[PDB]
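Novice: piece number one of the complex, untouched:
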Amino acid sequence: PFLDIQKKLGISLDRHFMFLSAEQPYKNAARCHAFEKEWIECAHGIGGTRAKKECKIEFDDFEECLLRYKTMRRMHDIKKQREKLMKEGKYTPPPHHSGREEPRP
Amino acid sequence: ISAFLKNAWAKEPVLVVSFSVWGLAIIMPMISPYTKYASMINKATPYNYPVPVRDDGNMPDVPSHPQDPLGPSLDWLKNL
Amino acid sequence: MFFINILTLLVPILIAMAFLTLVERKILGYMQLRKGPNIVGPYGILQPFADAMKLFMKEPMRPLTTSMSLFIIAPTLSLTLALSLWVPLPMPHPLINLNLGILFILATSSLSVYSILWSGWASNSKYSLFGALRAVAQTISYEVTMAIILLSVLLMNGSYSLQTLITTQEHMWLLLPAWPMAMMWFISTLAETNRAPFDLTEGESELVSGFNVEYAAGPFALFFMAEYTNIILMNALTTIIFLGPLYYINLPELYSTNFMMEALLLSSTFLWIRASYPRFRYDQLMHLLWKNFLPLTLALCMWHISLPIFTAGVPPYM
Amino acid sequence: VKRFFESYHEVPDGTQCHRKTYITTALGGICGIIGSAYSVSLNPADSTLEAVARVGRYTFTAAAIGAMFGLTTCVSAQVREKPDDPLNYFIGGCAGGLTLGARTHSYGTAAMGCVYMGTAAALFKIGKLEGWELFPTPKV
């Protein structure tokens, strides 16, 4: 913040709900709690300029957890190949994936 | 002001009632034994799981079994 | 089967409304020292059927200046909304069990007003505009306090679910804890259904007929069907919220029948008032509500926020 | 793509005339269209055909200035033996200014535009040789 009134006075008007890893009602952690925590603890201390290069792995994991682009790519590719193989006639959907399974408790 | 209050009581009873009820809404919570118990009850209600904590051998108060005497007791809620 | 349940929930409600019309006419006649409908069928039972057939066989007008789309849509919306609102009401088991049933009721009721607004604007007639813009003020009046009253009463229920009120009133009516609010809620229902002493959107005396002046035949009949179904609905909501029936898991029939008795009582009281009182003016209604109920309503909401705390009687959630 | 515009400096001047002329003509046309969009959005015209005539005139004028500039610059660099001499861009900018004056039917614009546009082009060339950077990034 431009003027650090809150840090100066020791109060926390709005600094406690900045990210997904902050305290949630009834201790229900948000999606990607672990990833965000890792990224932020990695990036503490070192400046932003250094973090942008030295916490990149953590940030990449975090964005993957939150948006999930690569997961969508992977599932799309798997189901695309499934469709191609099925149209060719070289694959069958197993019983458990088809609709009849031995349902587990 | 006895005169103005007495007149208000008859000519604008609605506002007299509203202001009186608002005043009571503020006054009573401070003046009441039971107020402390609301937060205790809401803390008693167990929405989430009680997470066990590993016994390092030097934790003397937290019990080992739920039926052990040690630990918080809701007798106060039972006979509030 | 769910469709059979839908039929059992719709058809009886529509018939009950149909005969609410007859009951109104006969009660008013007797209170005014006349007998009312009693020649069409035995004791006038067939009067609603004759009326409905006549209305749906009369030519539906399509006035030149009107906007056909809205002029046709509005009655459909009125009947659809009035019928829909009966969906989640526990009697004692709701057909559809909604967690936020009260908010759903409020949303549907609020959208109800748009039937009147659009019909009046689409009529493209001066009396239609008068009716529509009177309905606007009627909404501006009741809607401010209806939500607060529901909040205050639900502050003893702990959740917006209707079914929870069945258990809330297990050993007592909510009327006793909140009779001051029950009265304001009753007047608010009187305003919302657009009925006397608050029937200012169709007041025959001032506007030949309000929003429905240019409507005729079946398109007209839908408006009145929705009006009377809404009367029954709102009195059912009062009966469930306040004046809780007797619920014992052993017999839901007891709850159903007791609810019927009380709902008929209140619906009769609506007509009682209609015949007993004059008509408010459409600025006096707003003045009444804003300058009498709202000052009291806010104080009561404050007090009912305080009550669960200083009495240590927080409602349970779930 | 920006590849088309950055291709202007693929090979020093005096070569690939036609290509460089195309590139400068496109750049002039783009500038003219932008200016025309501003001049129509503000100061509207009575008729929509008037507006489209205005956009056409602005666009064609700007394209003509750019085409003449590129052509003259490349022709100078080619006919004379100096590829990277800013005097070439100066002559091209003067040609652009004169073309603007002709398009506007005015000799004063011809002269003023010659001086100003020629200086601008010469300074551009000088910057490209000397490594000047417009719109730099914070270095401190």
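Specialist: Now that the structure is in, tell me what you want to look at. Residues are numbered from 1 along each chain as shown, chains lettered A, B, ... in the order given.

Novice: residue in chain D nearest to chain C?
Specialist: residue D:48 (30.6 Å; Cβ to the nearest Cβ). C-beta coordinates here come from the backbone N, C-alpha and C atoms, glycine included.

Novice: Point me to the residue of chain A nearest chain C.
Specialist: For chain A, Cβ to the nearest Cβ, closest residue to chain C: residue A:26, 11.1 Å.

Novice: Provide the secondary structure category for that residue.
Specialist: Assigned with DSSP: H, G, I helix; E, B strand; the rest coil, residue A:26 falls in the helix class.

Novice: Now for it: which residues touch it?
Specialist: By Cβ atoms under 8 Å, 6 or more residues apart in numbering or on different chains, residue A:26 lies in contact with B:47-48.

Novice: what are the phi and psi angles of residue A:67?
Specialist: For residue A:67, the backbone dihedrals (degrees, to the nearest 10) come out as phi -90, psi -50.

Novice: Tally up the residues packed near it, please.
Specialist: 11 (other Cβ atoms under 10 Å in any protein chain shown).

Novice: Could you measure from it over to residue A:32?
Specialist: Going from residue A:67 to residue A:32 by Cβ to Cβ, to the nearest Å gives 10 Å.

Novice: contacting residues around the residue minimising distance to the centre of chain A?
Specialist: By Cα atoms, centre = their mean, chain A has its centre lying nearest to residue A:65, at 1.8 Å. Counting by Cβ under 8 Å, 6+ apart, residue A:65 makes contact with A:31-32, A:35.

Novice: Chain E should go on the structure too:
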Amino acid sequence: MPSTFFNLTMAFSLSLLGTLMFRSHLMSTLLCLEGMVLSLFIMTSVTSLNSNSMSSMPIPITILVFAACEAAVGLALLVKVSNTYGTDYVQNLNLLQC
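Specialist: Same chains as before, plus chain E:
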């Protein structure tokens, strides 16, 4: 989520476009602003529900509150311009050109 966010961003873009290009009635411009408000609230709501971030669900309601306050101010300004000129046409709002 992805397709929903794309369509919602397009909706906000269209409402912004509608606001930027007028069409005589100022009331319609106010309605377009109000529609952008709707789209932004929906964006925030879906983002929070997707992330299970219940600490950021207090914020869409603040968006609604402040958007309502500004819409009320806009309506009051419409009332004043109407009192001045007899209509809400934006053409009449041209005095300050000089």
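
Novice: The contacts of residue A:65 again please, chain E included this time.
Specialist: Residues counted as contacts of residue A:65 (Cβ under 8 Å, 6+ apart) are A:31-32, A:35.

Novice: And for residue C:221?
Specialist: C:52, C:55-56.

Novice: please redo it, this time with the cut-off set to 6 Å
Specialist: The contact partners of residue C:221, taken as Cβ atoms under 6 Å, 6 or more residues apart in numbering or on different chains, are residue C:55.

Novice: What separation do you get for it and chain A?
Specialist: Distance, residue C:221 to chain A, by Cβ to the nearest Cβ, to the nearest Å: 49 Å.

Novice: gap between that residue and residue B:55?
Specialist: Per Cβ to Cβ, residue C:221 is found 76 Å from residue B:55.

Novice: Show me what from chain B comes close to chain A.
Specialist: B:47-48 (Cβ under 6 Å from any Cβ of the partner chain).

Novice: Give me every residue in chain B lying close to chain C.
Specialist: Residues of chain B lying near chain C (Cβ under 6 Å from any Cβ): B:14-15, B:18, B:21-22, B:25, B:28-29, B:32, B:34-35, B:37-38.

Novice: Quick one, which of those are buried?
Specialist: Among the residues of chain B next to chain C, those classed as buried by 16 or more other Cβ atoms under 10 Å in any protein chain shown are B:15, B:18, B:21-22, B:25, B:28-29, B:35, B:37-38.

Novice: Make CSV out of those residues and add distance to chain E.
Specialist: What follows is those, written out as CSV (distance: Cβ to the nearest Cβ, whole Å):
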residue, distance to chain E
B:15, 26
B:18, 25
B:21, 27
B:22, 24
B:25, 24
B:28, 29
B:29, 25
B:35, 26
B:37, 27
B:38, 23
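
Novice: while you're at it, add chain F from this line:
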Amino acid sequence: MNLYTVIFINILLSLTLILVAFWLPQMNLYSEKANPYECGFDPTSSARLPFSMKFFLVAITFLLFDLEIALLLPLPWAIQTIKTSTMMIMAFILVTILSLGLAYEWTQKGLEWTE
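Specialist: Now chain F, sitting on the chains shown earlier:
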């Protein structure tokens, strides 16, 4: 799926009644019948002209009060908190501020209709 089914059924019932009402009756359309209604005499002017709203101020105030309603509607879940004192103080401040705004408007004649 049940709520969708029942709402669509209601829609279809209403629309079917309308269609029957429009295709069953015998009709005769002519200009005098169709022309608008105004107590038996022709319209002196169309009904689309401006219609002054004498309660504009109260109408706008309704917007803000309804947003206050929105801010207050979470109270049933709020009371299930541990910071009951904080919740009480905040709700009391909110409602008292509501009351003060209404009182100022009243004393300033906001609710008196404009003539």
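
Novice: and the contacts of residue A:26, now that chain F is part of it?
Specialist: By Cβ under 6 Å, 6+ apart, the residues touching residue A:26 are residue B:47.

Novice: returning to that earlier point: so is the residue nearest to the centre of chain A in a helix, a strand, or just coil?
Specialist: helix.

Novice: distance of it from chain F?
Specialist: 29 Å.

Novice: same deal with residue C:303?
Specialist: 10 Å.

Novice: There's contact between that residue and residue B:21 in this structure, I believe.
Specialist: Yes: assessed by Cβ atoms under 6 Å, residue C:303 is found in contact with residue B:21 at 5.2 Å.

Novice: ok, the residue in chain D that chain B sits nearest to - how many residues close by?
Specialist: Chain D approaches chain B most closely through residue D:138 (48.8 Å), counting by Cβ to the nearest Cβ. Neighbours of residue D:138 under the rule other Cβ under 10 Å: 4.

Novice: Could you pull up phi and psi at it?
Specialist: Here residue D:138 shows phi and psi, under degrees, to the nearest 10, equal to phi -50, psi 120.

Novice: Quick check: residue C:135 touching residue C:116?
Specialist: Yes: counting by Cβ under 6 Å, residue C:116 is a contact partner of residue C:135 at 4.4 Å.

Novice: Those two: which is more packed in?
Specialist: residue C:116 (27 against 24).

Novice: Just give the nearest non-adjacent residue to residue C:189, would you?
Specialist: residue C:234 (4.3 Å; Cβ to Cβ, 6 or more residues apart in numbering or on different chains).
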